[PDB]
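Let me begin by presenting the structure, written as structure tokens, before commenting on it.
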Amino acid sequence: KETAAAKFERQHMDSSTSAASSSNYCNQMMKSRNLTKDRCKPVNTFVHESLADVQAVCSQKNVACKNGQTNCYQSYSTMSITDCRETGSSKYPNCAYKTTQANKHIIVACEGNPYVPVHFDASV
Amino acid sequence: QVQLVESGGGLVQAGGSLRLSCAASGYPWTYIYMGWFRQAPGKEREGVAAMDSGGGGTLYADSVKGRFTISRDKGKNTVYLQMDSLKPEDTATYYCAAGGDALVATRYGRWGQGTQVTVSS
């Protein structure tokens with residue numbers, strides 16, 4: 001069964017590119033990472049930093065999670081990310097996304113030993 | 001990286017008291033939650049008490065509620081456990097934990113090496 005740490009890598013890590021390389025990136029990646037299987041995931045963020053750098057955020061500034069949990073951490077540096085947002089024209093199973101590049105601090109919830117991101121909470 | 005320096009463990013008889021102390025060193029920000037966990041020989045590790053860096057939001061394990069009192073220096077990465085009315089069932093290694101959520105061990109990222117507490121009959 002997929003671990004929470006491996007789910008976070010599948011849903012939110014793309015160290016392969018430094019930024020979204022085209023206007024189709026979210027359409028391709030949302031489908032490729034299985035985020036459009038049973039419905040269109042409405043929003044999702046991909047992080048274009050090394051797995052090591054994103055895992056290190058769990059050692060950085062501790063902040064509250066949006067759901068009230070207190071095991072979230074905010075990256076000390078901005079990171080290259082891509083925000084994926086379903087378009088008004090998207091109809092499952094033909095899910096369609098707007099791709100927007102950003103450079104923002106990320107906030108993740110961390111769990112486990114090793115203590116690693118298991119949830120992407122926000123970017124600021 | 002960060003060190004959680006623990007002190008205050010010892011050996012006492014049932015009914016006695018002990019005080020555990022923990023200070024996190026080298027963290028540039030403030031751990032919102034810090035707390036105490038314990039692990040007895042053969043048993044699963046369990047949350048004992050936790051609280052937020054403002055001095056509130058205290059949480060206690062059902063078995064220590066009324067006997068143990070957690071405190072912190074407000075706004076600082078310290079946490080303390082006053083342990084009174086000690087029972088043999090409280091014998092365990094006690095661990096400070098920093099940067100986590102409620103008493104959910106897997107949600108805490110920094111752990112001390114542990115301080116042994118032994119309560120005799």
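Labels used: A, B, ... for chains in the order of the structure tokens, numbers from 1 for residues in each chain, and numbers from 1 for ligands as shown.
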
Self-check item: Within 9 Å of residue 36 in chain A using only C-alpha atoms, minus same-chain residues under 5 positions, as a VMD selection string
Solution: chain A and resid 30 to 31 41 92 to 95

Practice problem: Starting from chain A, keep only residues with some atom at most 6 Å from an atom of chain B, counting only C-alpha atoms, and report them as a ChimeraX atom specification. | Solution: /A:61,69-71,111-112,115

Output file for the residues above (C-alpha atoms, as a compact mmCIF listing (two decimals), in the first residue's frame):
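What ended up in again29.txt:
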```
# COMPACT_ATOMS: atom_id res chain seq x y z
CA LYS A 61 10.06 27.16 10.80
CA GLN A 69 -2.68 20.80 13.60
CA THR A 70 0.67 22.27 14.69
CA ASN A 71 3.09 19.91 12.85
CA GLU A 111 5.23 12.89 10.10
CA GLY A 112 7.25 9.71 10.57
CA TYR A 115 10.31 12.94 9.64
```

Exercise. Just the residues within 10 Å of residue 88 in chain A, please, counting only C-alpha atoms, with nothing from its chain fewer than 4 positions along; format it as a ChimeraX atom specification.
Key: /A:96-98

Filtering to N, CA and C atoms, could you give me those residues as a PDB file, in the first residue's frame?
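To be explicit, this is the file written out as out-v3.pdb:
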```
ATOM      1  N   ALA A  96      -8.955  19.518 -17.255  1.00  0.00           N
ATOM      2  CA  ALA A  96      -8.160  20.553 -17.905  1.00  0.00           C
ATOM      3  C   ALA A  96      -7.716  21.534 -16.839  1.00  0.00           C
ATOM      4  N   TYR A  97      -6.476  22.007 -16.904  1.00  0.00           N
ATOM      5  CA  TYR A  97      -5.855  22.778 -15.841  1.00  0.00           C
ATOM      6  C   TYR A  97      -5.164  23.990 -16.395  1.00  0.00           C
ATOM      7  N   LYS A  98      -5.168  25.082 -15.644  1.00  0.00           N
ATOM      8  CA  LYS A  98      -4.309  26.223 -15.871  1.00  0.00           C
ATOM      9  C   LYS A  98      -3.016  25.961 -15.102  1.00  0.00           C
TER      10      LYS A  98
END
```

Exercise. Name all residues at most 9 Å from residue 38 in chain B (count only C-alpha atoms; drop same-chain ones fewer than 6 positions away) and give them as a list in words.
Key: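 Near neighbours after the sequence-gap exclusion: residues 44, 45, 46, 47, 48, 90, 91, 92, 93, 94, 95, 96 and 114 of chain B.
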
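DSSP secondary structure from the backbone places residues 4, 5, 6, 7, 8, 9, 10, 11, 12, 25, 26, 27, 28, 29, 30, 31, 32, 51, 52, 53, 54, 55 and 56 of chain A of range 1-62 of chain A in alpha helix (DSSP H).
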
Would you list the contacts of residue 21 in chain A as a PDB file with N, CA and C atoms, in the first residue's frame, taking every protein, DNA or RNA residue within 10 Å and counting only C-alpha atoms, but skipping same-chain residues closer than 6 positions in sequence?
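After the write, part_16.pdb holds the following:
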```
ATOM      1  N   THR A  82       4.751  24.960  -9.216  1.00  0.00           N
ATOM      2  CA  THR A  82       3.736  25.159 -10.221  1.00  0.00           C
ATOM      3  C   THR A  82       2.406  24.951  -9.558  1.00  0.00           C
ATOM      4  N   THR A  99      -1.872  26.134 -15.756  1.00  0.00           N
ATOM      5  CA  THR A  99      -0.550  25.978 -15.217  1.00  0.00           C
ATOM      6  C   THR A  99      -0.035  27.352 -14.873  1.00  0.00           C
ATOM      7  N   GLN A 101       3.369  29.146 -12.989  1.00  0.00           N
ATOM      8  CA  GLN A 101       4.646  29.045 -12.306  1.00  0.00           C
ATOM      9  C   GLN A 101       4.675  30.049 -11.157  1.00  0.00           C
TER      10      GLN A 101
END
```

Quiz item: Got a sec: who's within 9 Å of residue 18 in chain A, counting only C-alpha atoms, leaving out chain neighbours fewer than 5 positions off, as a PyMOL selection string?
Solution: chain A and resi 47-49+80-81

Kindly save the residues from that selection, with N, CA, C and O atoms included, as a PDB file, in the first residue's frame.
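The resulting again_21.pdb:
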```pdb
ATOM      1  N   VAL A  47       6.297  20.839  -6.687  1.00  0.00           N
ATOM      2  CA  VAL A  47       7.485  21.530  -6.210  1.00  0.00           C
ATOM      3  C   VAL A  47       8.676  21.107  -7.046  1.00  0.00           C
ATOM      4  O   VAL A  47       8.951  19.913  -7.199  1.00  0.00           O
ATOM      5  N   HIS A  48       9.404  22.063  -7.625  1.00  0.00           N
ATOM      6  CA  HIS A  48      10.552  21.825  -8.496  1.00  0.00           C
ATOM      7  C   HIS A  48      11.823  22.085  -7.732  1.00  0.00           C
ATOM      8  O   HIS A  48      12.626  22.929  -8.132  1.00  0.00           O
ATOM      9  N   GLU A  49      12.034  21.431  -6.601  1.00  0.00           N
ATOM     10  CA  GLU A  49      13.272  21.493  -5.846  1.00  0.00           C
ATOM     11  C   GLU A  49      13.685  20.058  -5.621  1.00  0.00           C
ATOM     12  O   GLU A  49      12.910  19.131  -5.920  1.00  0.00           O
ATOM     13  N   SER A  80      10.742  26.975  -6.306  1.00  0.00           N
ATOM     14  CA  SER A  80      10.099  26.968  -7.592  1.00  0.00           C
ATOM     15  C   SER A  80       8.932  26.016  -7.488  1.00  0.00           C
ATOM     16  O   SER A  80       9.112  24.846  -7.161  1.00  0.00           O
ATOM     17  N   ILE A  81       7.712  26.469  -7.715  1.00  0.00           N
ATOM     18  CA  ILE A  81       6.550  25.602  -7.703  1.00  0.00           C
ATOM     19  C   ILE A  81       5.688  25.855  -8.934  1.00  0.00           C
ATOM     20  O   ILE A  81       5.850  26.862  -9.655  1.00  0.00           O
TER      21      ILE A  81
END
```

Exercise. Calculate how many Å separate CA of residue 23 in chain A from CA of residue 11 in chain A, rounding to one decimal.
Key: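 Atom-to-atom, CA of residue 23 in chain A and CA of residue 11 in chain A are spaced 18.7 Å apart.
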
Quiz item: For residue 20 in chain A, which residue out of A:59, A:3, A:75, A:45 is the nearest one, using only C-alpha atoms?
Solution: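 Using only C-alpha atoms, residue 20 in chain A sits closest to A:45.
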
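Between residue 16 in chain A and the candidates A:64, A:109, A:51, A:57, the tightest atom-to-atom separation, counting only C-alpha atoms, involves A:51.
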
Self-check item: CA of residue 29 in chain A to CA of residue 14 in chain A, straight-line distance in Å
Solution: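 Calculated distance between CA of residue 14 in chain A and CA of residue 29 in chain A is 9.2 Å.
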